[PDB]
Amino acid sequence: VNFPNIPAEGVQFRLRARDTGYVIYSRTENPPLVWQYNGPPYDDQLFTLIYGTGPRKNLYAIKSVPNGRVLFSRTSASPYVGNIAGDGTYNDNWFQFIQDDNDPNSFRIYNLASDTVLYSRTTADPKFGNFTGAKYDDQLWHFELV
């Protein structure tokens, strides 16, 4: 089931993991350019969505407020999760927000191209990344409106 409370285009938010409470950042210098962060609010944690239409209905690109790059999530080469210019030029820039089957206020950030979800955890490296497999709580996210 698609998440029923996806922000409108233009609406700013952070992506905060339910369990760790960490947020995603997306920046242009100092790799890793996309990772998780536990600390104060900074601009590179801010996103809006580009809504897919036509064949991309129910998919979205996740676009950085300060730098305009969109996220990607792939398994073909490193970095697996990253950012790129182009407003969703690449197929692996397109994400589905899939409501959790138990917690209606959380969702997984699912990539159709790579069949992966994003996760945030505290112990096992890599502590942020993408994953194809079973459902775990560390895959659950919130849109934190700002």
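Note that residue numbering follows the sequence shown and begins at 1.
Between 104 to 112 and 32 to 40, which has the larger average Cα B-factor in the PDB entry? The stretch with the larger average C-alpha B-factor is 32 to 40.
Higher-scoring stretch by recorded Cα B factor average, 77 to 85 or 91 to 99: The stretch with the larger mean CA B-factor is 77 to 85.
Residue 48 - which third its CA temperature factor falls in, relative to the rest of the chain: Ranked within chain, residue 48 CA B lands in the lowest tercile.
So where's residue 140 on the chain's Cα temperature factor ranking, which third? Lowest third.
Could you place residue 12 in the lowest, middle or highest third of its chain by Cα temperature factor, using the values in the record? Answer is middle: the recorded C-alpha B-factor places it there.
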